[PDB]
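# Structural characterization, general
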Amino acid sequence: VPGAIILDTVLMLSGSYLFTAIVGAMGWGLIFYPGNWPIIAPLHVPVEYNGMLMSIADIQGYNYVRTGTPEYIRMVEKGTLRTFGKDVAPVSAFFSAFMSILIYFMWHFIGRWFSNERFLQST
Amino acid sequence: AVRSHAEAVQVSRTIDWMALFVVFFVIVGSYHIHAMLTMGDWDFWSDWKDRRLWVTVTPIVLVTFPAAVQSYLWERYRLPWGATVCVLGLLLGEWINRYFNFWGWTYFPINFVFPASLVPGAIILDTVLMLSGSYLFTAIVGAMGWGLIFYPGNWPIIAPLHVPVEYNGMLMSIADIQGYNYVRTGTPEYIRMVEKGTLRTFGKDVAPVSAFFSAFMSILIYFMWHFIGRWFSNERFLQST
Amino acid sequence: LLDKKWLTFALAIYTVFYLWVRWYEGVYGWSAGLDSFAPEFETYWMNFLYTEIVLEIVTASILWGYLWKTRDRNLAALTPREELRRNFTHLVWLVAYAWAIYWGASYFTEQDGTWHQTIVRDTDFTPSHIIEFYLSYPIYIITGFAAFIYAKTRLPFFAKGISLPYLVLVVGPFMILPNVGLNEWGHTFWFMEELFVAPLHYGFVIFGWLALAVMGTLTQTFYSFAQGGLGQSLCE
Amino acid sequence: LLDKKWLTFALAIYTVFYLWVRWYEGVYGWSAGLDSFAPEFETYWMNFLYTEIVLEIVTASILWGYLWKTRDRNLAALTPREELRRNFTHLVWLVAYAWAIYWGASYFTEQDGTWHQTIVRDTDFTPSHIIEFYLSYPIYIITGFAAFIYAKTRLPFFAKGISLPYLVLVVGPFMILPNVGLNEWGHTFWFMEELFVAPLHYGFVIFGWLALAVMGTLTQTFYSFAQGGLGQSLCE
Amino acid sequence: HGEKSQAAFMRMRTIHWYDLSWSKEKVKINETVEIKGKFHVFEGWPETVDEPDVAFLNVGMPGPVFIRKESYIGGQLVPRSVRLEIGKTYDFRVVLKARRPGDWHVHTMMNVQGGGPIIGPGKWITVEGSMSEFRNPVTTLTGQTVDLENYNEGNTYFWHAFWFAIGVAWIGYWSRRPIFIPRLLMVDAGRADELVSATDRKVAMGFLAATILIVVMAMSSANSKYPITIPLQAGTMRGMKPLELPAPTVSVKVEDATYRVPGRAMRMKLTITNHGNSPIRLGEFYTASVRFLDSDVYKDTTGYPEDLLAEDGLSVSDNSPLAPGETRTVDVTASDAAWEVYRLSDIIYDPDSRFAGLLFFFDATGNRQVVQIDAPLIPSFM
Amino acid sequence: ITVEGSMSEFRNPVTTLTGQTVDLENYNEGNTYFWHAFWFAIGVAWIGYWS
Amino acid sequence: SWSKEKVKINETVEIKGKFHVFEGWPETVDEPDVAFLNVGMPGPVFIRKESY
Ligand SMILES: CCCCCCCCCCCC(=O)OC[C@H](COP(=O)(O)OCC[N+](C)(C)C)OC(=O)CCCCCCCCCCC
Ligand SMILES: CCCCCCCCCCCC(=O)OC[C@H](COP(=O)(O)OCC[N+](C)(C)C)OC(=O)CCCCCCCCCCC
Ligand SMILES: CCCCCCCCCCCC(=O)OC[C@H](COP(=O)(O)OCC[N+](C)(C)C)OC(=O)CCCCCCCCCCC
Ligand SMILES: CCCCCCCCCCCC(=O)OC[C@H](COP(=O)(O)OCC[N+](C)(C)C)OC(=O)CCCCCCCCCCC
Ligand SMILES: CCCCCCCCCCCC(=O)OC[C@H](COP(=O)(O)OCC[N+](C)(C)C)OC(=O)CCCCCCCCCCC
Ligand SMILES: CCCCCCCCCCCC(=O)OC[C@H](COP(=O)(O)OCC[N+](C)(C)C)OC(=O)CCCCCCCCCCC
Ligand SMILES: CCCCCCCCCCCC(=O)OC[C@H](COP(=O)(O)OCC[N+](C)(C)C)OC(=O)CCCCCCCCCCC
Ligand SMILES: CCCCCCCCCCCC(=O)OC[C@H](COP(=O)(O)OCC[N+](C)(C)C)OC(=O)CCCCCCCCCCC
Ligand SMILES: CCCCCCCCCCCC(=O)OC[C@H](COP(=O)(O)OCC[N+](C)(C)C)OC(=O)CCCCCCCCCCC
Ligand SMILES: CCCCCCCCCCCC(=O)OC[C@H](COP(=O)(O)OCC[N+](C)(C)C)OC(=O)CCCCCCCCCCC
Ligand SMILES: CCCCCCCCCC(=O)OC[C@H](COP(=O)(O)OCC[N+](C)(C)C)OC(=O)CCCCCCCCC
Ligand SMILES: CCCCCCCCCC(=O)OC[C@H](COP(=O)(O)OCC[N+](C)(C)C)OC(=O)CCCCCCCCC
Ligand SMILES: CCCCCCCCCC(=O)OC[C@H](COP(=O)(O)OCC[N+](C)(C)C)OC(=O)CCCCCCCCC
Ligand SMILES: CCCCCCCCCC(=O)OC[C@H](COP(=O)(O)OCC[N+](C)(C)C)OC(=O)CCCCCCCCC
Ligand SMILES: CCCCCC(=O)OC[C@H](COP(=O)(O)OCC[N+](C)(C)C)OC(=O)CCCCC
Ligand SMILES: CCCCCC(=O)OC[C@H](COP(=O)(O)OCC[N+](C)(C)C)OC(=O)CCCCC
Ligand SMILES: [Cu+2]
Ligand SMILES: [Cu+2]
Ligand SMILES: [Cu+2]
Ligand SMILES: [Cu+2]
Ligand SMILES: [Cu+2]
């Protein structure tokens, strides 16, 4: 909802569709992680689980058995030799904001076609 | 309007100079960033200038801007130097950077970090454009010229760097010794996409086959980028962006 | 009058400032500028990042606001001589913008290429990243938007309608700045090597293409010149 | 009269039937519904598949045939009140279609997501696959085609020409049903894991996009309303 | 200088450098400084990092302030990428020739195909002299001693300048006449077909023919001169010889390991069991470029960097000599300022709080055994 | 494997490193519900303002 | 070792021997994780009856 509200307000204010795709898309990408941080913050509390450090979310995933979803399918942050400092969340947020700009620009025109009122006489 | 016809001519000359500046340096920026983020690695070093990947990739990614700029310039002004101005702009940017950043800021030797030569391809593209103004004929023949003359065009420069040397028990060319000695902290040897030999490499054909593949893909990229440039030449006015 | 010596200042300010920036990075690239966590690096380069960002935001706001407040409302009452003078001033703005494009997208971009190609990346705000992504990119973004506002508010041709190619020319190179996120998301993630032709860099490539809109920009400016300052002499 | 209580029945039939289907799958999901080769599974779920397919084919044939046989030939002789009543009946058809879209493409689709994400897939006709691919998908396909036939045969606006956006809205969600083959060709082949964001699922994604044609559908229906039932009152 | 940014657990478990020795600390231009030692490729290699199937032994210096004259893994020169086996120990010897004066932090880094750089310990090496004094003579197989610093530079400059001059002439030929607005108006207002006419087409044919002939003649001349040429040498060197270390006689089992947050100390508990017939004493704990030494057991004589050395940063609860066959549980505390200077304490931020390192157990006679430890690293907040 | 009893009797206590024994069955459920409902309420208000 | 040098139609010629997979395998060539033992003849002038 924070991303939706930013997108809609930055749309109506400054009705420029380009300005919306440029600024509201940044808002949508950037406010995702801070928007969900209050909910997933309690789930990231460190816990030592039978000798291994685990967050609460890791313990839930380990305990509650997902028969079809093993641990290795999890595309999560596994750490890199190129991860400098504490920047995983902000860099990912900015990449998501930029790609949101691009996807907004593409889907604005895709929606412009779906709004068509044409009548093919012989489909 | 203007006072006299002579002042009109002088004003036109001033406008021509300033707009030539704009074209030249906007191309210098955009074309250089495109090239360096599509062919920079083979262009940065002398031990990357192999006979498969370098000559395969460089013309393909470097006919992009000349095609569009020619499509605009020839169509609008009958000026057959769009490809040449793009190529000289890229060369000027690369050489300024090699001398003042590669060799000025750091101290990598120029004979190690020299760029690739592209003026023969540019001249072929422009002459085959103006002669036989057919854009299709240009995309078919001038693109072959651009792809095919890349390796022979750079052969005088990189020929001295391919002289065999035995280096502490291993055969090495001069370019290999430069790449081995001059330490590139961020560029190890394995990143080098060079000719490593194949079990399907028949006879002495690595350079010519790669050159012909590059010429063909240059035909395709020229055809695509001619129309991409045709859009960038638009003079539309969206009333409500 | 017509074209004044504003062109000389427009080129000279960029040349002097960028030569000073190059000297600064050539002095503090190493030895307070090599290690991103040393106490001196924060005093020599983290301060560069903060001062330049604040100054750029302030300057962009002031320049765009001034150029939009001093806009000419009575565009119908425009003598052809004054229209041609404004056309020349707009062409000076475009020359300054092109100089900024060069300095930002060729010089400092390949300077960053050399930087991270000959050292190991240590942070998202390395010396050359600060110099290129956060200084030169915002500078030419500011200049491009200022030239856009000037053309739209002064030139009768560019008014009454937002120019599509010239908008693309002002915005595409601007989208390179938010594309810096993909650059860092690329090196930290998918490209764990200093490969400089890998797809993480295609983001700048796509918007490097959008700077080709200078072709439509310059034919539109020629058309603008050919209304009042048409002559004649040309075509006779 | 105008809008009658057909809307209440249109929503209620879907709600009651789908709550009963959810109860059925919540009772027989396990314990005759876990193992696809047990003798009881064929009696509880293979019978579900056969009865529902036969009933759906019969109902589609009967509904489309009736709506096409009772088509109004004399569309010129149509009073504006009757045209507005038919417009409201068509909007009720669209409301029923939207309810079916929701029930088929959100509820049972993510129910199948839970199903195969928390068990191991045993066949192409698992309980939730039977409930979603072969029940809910054909139900909203039937409703969409019925609404198409009704609009084309009753509404003067939608007659004399096949509406492109509304055709897309009726057909795109229909193409999801033959796209079930890619779903199974995906899990048995290329995606040997229960990954639910993998490209084998992009088939439903592409035709999930085609349901965006409801935008053109609803602006076209508004235009149809604004011929006879234009008022006025609006725009005055 | 590239470290302190990588993931702490990743620096802890990729590659362990030990026995490092720098031949010189204050080198002159052209004088040779050699880095030796042994690096152990960790068994529990992180899965996010591609295995060292194609690894290149590099050196981390700012630019080419030292030219890498020679570099060996095992006993053979490795100028190209090599394949390393996980769990093996290799010894390297990098020969560096000074080129640029100043204080240079020469790190021994290792690059993996799909895992990035592994920077090892770096030592401040001072160089005195002038860059112009640097000489790099190499003798080719055709019988010509060429200096790599200036070889081919003149030919490169000449050919690039000649092609640029040709391009500038081609542009200026049209720049002489008016360029933009007159030509645009001629094209717009009806057929132009006068902006390109003889002898402009003759000049075009001249330029095209000159370009083709110049390229062909230059290629033929560059084939007569330099008649012997070879392609760029490439290909991974498989079959590196790994060190045949004896099996350690000491087995260490890590029963939990903690570190205070925030803090500079690492607490860890071991059950050392000594086999053989000698009394061992734990003397050193090398975790990630940082050596925690026990002053009572071992003192460094190899000139390790001061910022990477803990002379008495290792404190063992019970460091009495351990009789053979005996097993005991001790609390080992490695506390040093380097643990926060090199940001080893930011393993809390990492998505895998697991550590790895080398423990060096020394005997009375002086010989040592290198034993490996790896266990989860649990932070402590109370 | 047969299980007897009631699901409501199930207890899953886990002790975090910060010194709080939390039951995984209900931990963070209230905060999740509150934040999701608050954001949904904001969205519904935003839609209803034009509705 | 080739069993026969002058074979008749339907008669069996057998090729035996040992092949050693080189340790220093070129990196450009994928390791023989999936290798098929074939025979190089112009078309099927010999049918491969057996291969071990
Ligand atoms: C109001 C005007 C002045 C401020 C302007 C902003 C300057 C930067 C502030 C950093 C704060 C901080 O926290 O640092 C940044 C933290 C790192 O974490 P750290 O622990 O600080 O690491 C210490 C690192 N050093 C020592 C180098 C500081 O995350 C990041 O790497 C964020 C990376 C974002 C990359 C993508 C950006 C794309 C921008 C697109 C624009 C259209
Ligand atoms: C329209 C644009 C509106 C922008 C609104 C910004 C709200 C404030 C965000 C604080 C983030 C934070 O607290 O720091 C960054 C953290 C991640 O940190 P982490 O490394 O995972 O550490 C986790 C531990 N924490 C929680 C103690 C830190 O959150 C994020 O991932 C958000 C990254 C993008 C933030 C962009 C801010 C810069 C201005 C952008 C617009 C020009
Ligand atoms: C508009 C089209 C104009 C064409 C102009 C051709 C100029 C002459 C080229 C000589 C090449 C050479 O000398 O042989 C091939 C060599 C590579 O050889 P290598 O195996 O690497 O050996 C290296 C050792 N050398 C230098 C002793 C040989 O160079 C090339 O890679 C160029 C490959 C493409 C050549 C195309 C020629 C056929 C006609 C094409 C148009 C129909
Ligand atoms: C419609 C298109 C017709 C094109 C006809 C080709 C004319 C060739 C001109 C002389 C080139 C030359 O002499 O160059 C030959 C070199 C050989 O390379 P090399 O052996 O590695 O070393 C260099 C050895 N020298 C120094 C002795 C040359 O380069 C090439 O590989 C180009 C030859 C392959 C061309 C295949 C064209 C097929 C056309 C099919 C449609 C009819
Ligand atoms: C489009 C709008 C663009 C706005 C960009 C603003 C960037 C400003 C530079 C920040 C540098 C930094 O690192 O921060 C501030 C630095 C920190 O250096 P110091 O440690 O104090 O050393 C003493 C300073 N020296 C090392 C430069 C001698 O000091 C300063 O005050 C100096 C900043 C001078 C900037 C103005 C001169 C520019 C050249 C002349 C032609 C214009
Ligand atoms: C034209 C675009 C201009 C944008 C200017 C940025 C304004 C920043 C506002 C405050 C954000 C904040 O305070 O957030 C900082 C956090 C840091 O994250 P952290 O260290 O992981 O933990 C959280 C630590 N706290 C709780 C102490 C914050 O998030 C970020 O990484 C955002 C900072 C990087 C922004 C890079 C922008 C580059 C712009 C280049 C063009 C001039
Ligand atoms: C609506 C359309 C928008 C879609 C775009 C969304 C972004 C996709 C995110 C991918 C995450 C994923 O899917 O998986 C993540 C995978 C998992 O690989 P790994 O096992 O960690 O490999 C380990 C190798 N490291 C250590 C180097 C990571 O990492 C990848 O290979 C990243 C692939 C790049 C995808 C991003 C391309 C963006 C295009 C930019 C050109 C302008
Ligand atoms: C667009 C057109 C859609 C057509 C779809 C038709 C699907 C029919 C269901 C097949 C179920 C099955 O599994 O098969 C038939 C089942 C097999 O169950 P049983 O073992 O006999 O147990 C006894 C049956 N109980 C377990 C349900 C009690 O029995 C039946 O006869 C019952 C089918 C009842 C369907 C009609 C009620 C729907 C809810 C009320 C609002 C409409
Ligand atoms: C005339 C109306 C009533 C019949 C309607 C059809 C119901 C299914 C009949 C199965 C017969 C059979 O043979 O089963 C199916 C055989 C399996 O082999 P099996 O040995 O039977 O395995 C026993 C398996 N059980 C115990 C679960 C039955 O192949 C298949 O998995 C076919 C899979 C097709 C997947 C893609 C379908 C896409 C549809 C697109 C629509 C636009
Ligand atoms: C005219 C254009 C139409 C082309 C489409 C034709 C279908 C292609 C069939 C591929 C067969 C092949 O080429 O090879 C088959 C390869 C061989 O891999 P394997 O060694 O068995 O891997 C073993 C891994 N398993 C065990 C999981 C298989 O399996 C594949 O990787 C399948 C790749 C997916 C391709 C299908 C994508 C369809 C796009 C749908 C989005 C709407
Ligand atoms: C997944 C991609 C999204 C689908 C969107 C593609 C739509 C393409 C547009 C289209 O269908 O053109 C229709 C023409 C037939 O024309 P006519 O029937 O003569 O109609 C006259 C007016 N018109 C020419 C403008 C249509 O061409 C024809 O031959 C009729 C084919 C109509 C099929 C369109 C239905 C699409 C449903 C998926
Ligand atoms: C990376 C891809 C390259 C970008 C090129 C895409 C350009 C697409 C063309 C376009 O923008 O159409 C503008 C229309 C709005 O129209 P109007 O503002 O009504 O203008 C009337 C005349 N016109 C309809 C022909 C434009 O559609 C709109 O809603 C306005 C959006 C304008 C955004 C274009 C700016 C592109 C900058 C990146
Ligand atoms: C670091 C920040 C420096 C900002 C410099 C801004 C200079 C002032 C801009 C400006 O108003 O234009 C200056 C000149 C001459 O145009 P003016 O005649 O002043 O424009 C107003 C027109 N009007 C009299 C009809 C109302 O027009 C030009 O062409 C000015 C180009 C000068 C270089 C631009 C540098 C921009 C860097 C961000
Ligand atoms: C499980 C199968 C159930 C099928 C239910 C079909 C009900 C009969 C359809 C029908 O004819 O329309 C019913 C209503 C009212 O429209 P009518 O006035 O009956 O349509 C005829 C128009 N005419 C008098 C001018 C000739 O129009 C509507 O809007 C009916 C919507 C009711 C819900 C549709 C459920 C479809 C499930 C496949
Ligand atoms: C068209 C772009 C020109 C770029 C020239 C450049 O980067 O100059 C810096 C470089 C620096 O090398 P150097 O001149 O030796 O002076 C060194 C001073 N630092 C280290 C601060 C750059 O050389 C100059 O300053 C020459 C002046 C050219 C004026 C157009
Ligand atoms: C807008 C979609 C509503 C979906 C509600 C649903 O799936 O209901 C089934 C679920 C089943 O849980 P419960 O109510 O405890 O009854 C269990 C009966 N079975 C196991 C057959 C579902 O709860 C209800 O039946 C509540 C009635 C809501 C009416 C809109
Ligand atoms: Cu990059
Ligand atoms: Cu699926
Ligand atoms: Cu260092
Ligand atoms: Cu090790
Ligand atoms: Cu062998």
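Residues numbered from 1 in each chain as written, not as in the entry; some residues may be left out. Chains lettered and ligands numbered in written order. Part of a larger assembly, values for the part shown. Heavy atoms only, no water. Residues with missing side-chain atoms left out of burial classes, pairs and counts.

In terms of determination method and resolution, the entry is listed under cryo-EM at 3.62 Å.

### Regarding the packing of helix 4 (residues 82-102) of chain B against helix 2 (residues 153-175) of chain E
Relative orientation of the contacting elements helix 4 of chain B and helix 2 of chain E amounts to 145°, with a least axis distance of 10 Å. Both helix 4 of chain B and helix 2 of chain E take part in a crossing whose hand is left-handed. Of helix 2 of chain E, the residues touching helix 4 of chain B (which contributes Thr84(B), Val85(B), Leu88(B), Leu91(B), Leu92(B), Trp95(B) and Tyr99(B)) are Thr156(E), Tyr157(E), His160(E), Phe164(E), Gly167(E), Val168(E), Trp170(E) and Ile171(E). Split into classes, the residues belonging to the contact of helix 4 of chain B with helix 2 of chain E amount to 11 nonpolar, 4 polar and no charged. (Axes fitted to C-alpha atoms, helices over the stretch in contact; angles between N-to-C directions. Helix = DSSP H or I, 4+ residues; strand = E, 2+ residues; numbered from the N terminus. Left-handed = near helix turned anticlockwise from the far one by under 90°. Contact = heavy atoms within 4.5 Å. Nonpolar A, V, L, I, M, F, W, Y, C, P; charged D, E, K, R; others polar.)

### Some remarks on the arrangement of the chains
Taken together, the 11 pairs of chains in contact show their highest number of contacts between chains B and E. Separating chain B from chain F is a minimum C-alpha gap of 24 Å, and the two share no contact. One thing to see here is that chain C and chain G don't touch, and their nearest C-alpha atoms sit 19 Å from each other.

### A look at the coordination of the copper ion (ligand 19)
Residue and element names in this part refer to chain E. Taken together, the protein donors to the copper ion (ligand 19) comprise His1 (N), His1 (ND1), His105 (ND1) and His107 (NE2), at separations of 1.8 to 2.7 Å. One can describe the site at the copper ion (ligand 19) as irregular: its 4 donor atoms subtend angles covering 72 to 155° at the metal. Spacing between the donor residues of the copper ion (ligand 19) along the chain follows H-x103-H-x1-H. You can call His105 buried: its relative accessible area is 6%. (Donors = N, O, S within 2.8 Å, 3.2 Å for Na, K, Ca; no water. Tetrahedral: all angles 85-135°; square planar, octahedral: opposite > 155°, others 65-115°. Buried < 20%, exposed > 50% of the residue type's maximum accessible area, 1.4 Å probe, protein only.)

### Some points on the site of ligand 6
Within the structure, ligand 6 sits among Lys86(A), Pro90(A), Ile53(C), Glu56(C), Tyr134(C), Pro138(C) and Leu177(C). One finds residues of chains A and C in close proximity to ligand 6. Within the contact set of ligand 6, an oxygen atom lies 3.1 Å away from a backbone nitrogen or oxygen of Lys86(A). Isolated, ligand 6 exposes 910 Å² of accessible area, and the fraction of that covered by the protein chains is 34%. (Near = heavy atom within 4 Å. Polar contact = N/O pair within 3.5 Å; in protein donor to acceptor, adjacent residues only side chain to side chain. Areas by Shrake-Rupley, 256 points an atom, 1.4 Å probe, with all protein chains shown as cover.)

### Re the environment of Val10(A)
All names here are of chain A. You can see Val10 is positioned in helix 1 (residues 2-12). Residue classification places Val10 among the buried residues on the basis of a relative accessible area of 16%. With 84 residues separating them in the primary sequence, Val10 and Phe94 have C-alpha atoms 18 Å apart. Excluding anything up to four places from it in sequence, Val10 contacts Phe19, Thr20, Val23 and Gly24.

### Describing a negative patch on the surface
On the surface, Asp296(E), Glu306(E), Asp307(E), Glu311(E) and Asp312(E) cluster together into a patch of negative charge. Checked against the element boundaries, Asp296(E) lands in the loop between strand 15 (291-293) and strand 16 (309-310). (Patch = residues over 30% accessible without salt bridge, like charges linked within 9 Å, V, L, I, M, F, W, Y side chains within 5 Å. Salt bridge = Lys/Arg side-chain N within 4 Å of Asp/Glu carboxyl O. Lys, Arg positive; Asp, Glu negative; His and termini not counted. Charge placed at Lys NZ, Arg CZ, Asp CG, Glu CD.)

### Some details on the interface of chain E and chain B
Contacts between the two partners involve 91 residues from chain E and, on the opposite side, 89 residues from chain B. When chain E packs against chain B, the two sides together hide about 7,900 Å² of surface, and 69% of this comes from carbon and sulfur. In terms of surface lost to chain B, no three residues of chain E exceed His160(E), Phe180(E) and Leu232(E), which account for 11% of the buried area on that side. For the pair chain E and chain B, the number of links is 1 salt bridge. The partner of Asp188(E) in a salt bridge is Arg76(B), and the shortest N-O contact between them spans 3.3 Å. Within the residue set of the side of chain E that touches chain B, elements represented by two or more residues are strand 4 (55-57), strand 5 (66-73), strand 8 (102-112), strand 10 (137-139), helix 2, helix 3 (181-188) and helix 4 (200-224) of chain E. It is helix 2 of chain E that contributes the most residues to the side of chain E that touches chain B, 15 residues altogether. Residue composition of the side of chain E that touches chain B, grouped by class: 53 nonpolar, 24 polar and 14 charged. (Buried area = accessible area lost by both parts, 1.4 Å probe.)

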